[PDB]
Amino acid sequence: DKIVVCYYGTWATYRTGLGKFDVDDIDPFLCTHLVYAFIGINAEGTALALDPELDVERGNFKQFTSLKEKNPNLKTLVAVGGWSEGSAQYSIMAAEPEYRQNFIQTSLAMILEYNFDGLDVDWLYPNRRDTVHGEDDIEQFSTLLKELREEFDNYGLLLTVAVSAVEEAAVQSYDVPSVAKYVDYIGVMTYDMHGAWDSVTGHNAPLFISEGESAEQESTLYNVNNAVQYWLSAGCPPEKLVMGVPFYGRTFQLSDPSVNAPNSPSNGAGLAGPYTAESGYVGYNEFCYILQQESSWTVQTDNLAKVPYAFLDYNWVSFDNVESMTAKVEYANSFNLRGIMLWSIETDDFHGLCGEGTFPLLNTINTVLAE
């Protein structure tokens, strides 16, 4: 059965006005799996709420899982880790049997108290960033998943992971067959392919080769097709591969506004959105409205990569719209993938300000998957 894995960045409740996105803004019938991001750990592996005022005191954990009262078939998971949590503590925790056991027991306790149906492990990433034990992380990550699976089978809980996409990244972190063996599915983060950290403009989630890229050694390029075909060939069965898609774009400052193709020189991060409020990225809800309200933007489609981009003076923006989302889900259908994972629900056009219905990206996913 095809699944739709909706990540919910819970900090979105602090956004103002039309950017505010609470648990009550979720449509629980547009997802099959809803993921509460994020919880974290300390250096001894103790699972902990990162925002206890919201998660615990104001009952956000329980409000989230209570969505099952509306859609009884919905699964609600909690996600541990993420970008801001780093890699060091997960490396330290994974390497010690005492710390693994403490992570298993304290995360299980939180999952059961607050009525979650499972755990999404988003360690970014084994043997990367500020990892402590380096290459040992790869095997110890799989040992952690095995001990988690052994504990979770006593309660019927789901165990899932979010992982880096392209081969150059994945080989640093995972033994693919061992990971796929223990999880219910693998959510491949097939986005952030390029971004403001690069010296040239590039697409956030290009499906295939992009304009300005060399067709020589195509398999080393950062795109969704390369990533998905890597993970399938490395040993992830299609029925455990969930393909990530972004509900946001990434923004660049052009070095020269007249050189505005993909793979043009860039000077760092571009505009920020009104609610996400970070230079270098913009929610789809924010940018479809920005495009709507300022006709000076030039929107083009990269017909090689199957994704749109837009420029105005010094701004250059890669993003995904209904057409590129359709292309992505059709691609996933065409390789019999298990489903779609989206980051993240709170930057869909949930108010429908952009003339394509409420939740146009999420509704597109549901519609193209259903067919």
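In this text, residue numbers run from 1 along the sequence as written.
Taking the mean C-alpha B-factor of each stretch as recorded, 238 to 246 and 93 to 101 are not equal, and the higher mean is that of 93 to 101. The mean C-alpha temperature factor is higher for 209 to 217 when 136 to 144 and 209 to 217 are set side by side. Among 354, 23, 18, 361, the highest C-alpha B-factor in the deposited entry belongs to 354. Out of 54, 329, 37, 48, the entry records its largest CA B-factor for 48. In this PDB entry, residue 226 carries a Cα temperature factor that places it within the middle third of its chain's modelled residues. Among all modelled residues in this chain, the alpha-carbon of residue 282 has a temperature factor (C-alpha) in the lowest third.
Compared with the other modelled residues of the chain, the Cα B-factor recorded for residue 252 ranks in the lowest third. When all modelled residues of the chain are sorted by CA temperature factor, residue 350 is found within the lowest third. Annotation for residue 338: CA B-factor lies in the lowest third of the chain's modelled residues.
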